[PDB]
Amino acid sequence: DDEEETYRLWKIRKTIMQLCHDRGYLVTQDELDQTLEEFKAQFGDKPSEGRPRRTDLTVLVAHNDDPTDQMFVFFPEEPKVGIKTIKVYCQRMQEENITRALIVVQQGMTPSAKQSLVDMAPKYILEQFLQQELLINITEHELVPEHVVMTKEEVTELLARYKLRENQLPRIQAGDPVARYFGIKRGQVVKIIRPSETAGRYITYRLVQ
DNA sequence: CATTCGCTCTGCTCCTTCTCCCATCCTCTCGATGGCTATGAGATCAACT
């Protein structure tokens with residue numbers, strides 16, 4: 001029971017570190033490859049005993065390109081997170097001056113909390129993940145090809161090369177599992193590199209909608 | 001002043017409802033559809049002078 005919850009927490013942490021590394025936040029190799037017994041050593045083996053508390057699991061990371069661009073990962077203790085908890089995180093983000101955070105929720109989020117993530121979105125970007133959808137890194141699955149988020153300059157070069165408008169690219173939904181993983185917003189473009197049985201390799205581009 | 005209570009507002013199911021669609025081309029035969037009589041008033045303007 002605690003042997004199950006500690007395994008879940010470890011897997012979720014591993015996936016979150018992989019996600020942060022793929023978003024380009026500075027993540028050490030040691031924490032990226034931390035084993036289950038090392039997790040038990042650092043945080044504990046009886047989360048029902050409060051060892052760890054899920055408040056202990058919180059992560060803070062900084063971007064490789066700018067040490068002031070920082071992101072939290074929060075693991076709320078309550079199963080169904082309400083607006084009180086979002087307000088607590090908003091306060092903590094305001095005082096630490098952190099604009100991005102991921103909120104990992106065990107069972108869900110209340111309608112009011114969902115709307116509160118929308119209504120603060122320009123200044124503080126809060127994202128919801130279920131813990132279930134973090135128990136496996138979907139980008140390691142064999143059906144999912146390599147996704148690379150493009151820079152604005154690279155999109156301008158793309159559109160200038162093929163002489164096309166953004167609306168002529170094929171789309172990806174902002175709610176797509178992989179778009180959510182990379183955290184890409186409307187109007188960004190993701191380069192996709194996939195093998196092909198007739199050319200050898202093929203690149204395609206999707207505009208987020 | 002820490003509840004506590006009551007009241008408004010989503011949003012998640014489970015119906016009922018309703019609207020849409022159902023291979024291509026070609027030949028033949030057969031049935032069915034298949035619509036007053038007549039006398040008056042009376043307005044028009046084509047057309048004679």
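Here is the naming used below: chain letters follow the sequence lines, and residue numbers restart at 1 for every chain. Because only heavy atoms are used, hydrogens play no part in the values below, and waters and symmetry mates are left out as well, while side chains stay in.
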Seminar exercise, completed: Per the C1'-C2'-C3'-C4' dihedral, where positive means north and negative south, the sugar of B/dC15 is north
Exercise. Rounded to the nearest Å, what distance is computed from the NZ atom of residue A/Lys80 to the P atom of nucleotide B/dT10?
Worked result: 17 Å
For this session: Kindly express the pairing pattern of DNA chain B in dot-bracket notation, using | wherever a base pairs with another strand and counting only Watson-Crick or G-U pairs under 3.5 Å.
Result: .................................................
Exercise. Heavy atoms, side chains only, cut-off 4.5 Å: are A/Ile203 and A/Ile192 in contact?
Worked result: no
Problem set entry | Atom-to-atom span, CE of A/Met109 to P of B/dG11 - whole angstrom | 14 Å
Exercise. Does the side chain of A/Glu140 come under 3.5 Å of the side chain of A/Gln18 through a donor N or O and an acceptor N or O?
Worked result: yes
For this session: Check the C1'-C2'-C3'-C4' sign on B/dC28 and let me know if the sugar comes out north or south.
Result: north
Exercise. So A/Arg161 and A/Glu157, salt bridge (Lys or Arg N to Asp or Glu O under 4.0 Å) or not? Walk me through it.
Worked result: CA-CA 6 Å; A/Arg161 171 55 191 90; A/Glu157 293 295 336; over 6 Å; no
Exercise. For A/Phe43, is the NZ or CZ atom of A/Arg51 found under 6.0 angstrom from the centre of its six-membered ring and inside 45 degrees of the ring axis?
Worked result: no
Exercise. Which value, in whole Å, describes the distance between the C1' atoms of nucleotides B/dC1 and B/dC5?
Worked result: 16 Å
Exercise. Looking at NZ of A/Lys46 and CD of A/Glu3, how far apart are the two atoms once the value is rounded to the nearest 0.5 Å?
Worked result: 7.5 Å
Exercise. How long is the line joining CG of A/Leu117 and P of B/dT10, in whole Å?
Worked result: 17 Å
Seminar exercise, completed: Going by torsion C1'-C2'-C3'-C4' being positive (north) or negative (south), B/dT17 has its sugar south
Exercise. Side-chain donor-acceptor pair under 3.5 Å between A/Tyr162 and A/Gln168, yes or no?
Worked result: no
Problem set entry | B/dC36 sugar pucker (north/south) via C1'-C2'-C3'-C4' | south
For this session: Can you figure out if B/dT29 has a north or south sugar, judging by whether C1'-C2'-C3'-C4' is positive or negative?
Result: south
Exercise. Separation of A/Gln115 atom CD from B/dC9 atom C1', in whole Å?
Worked result: 13 Å
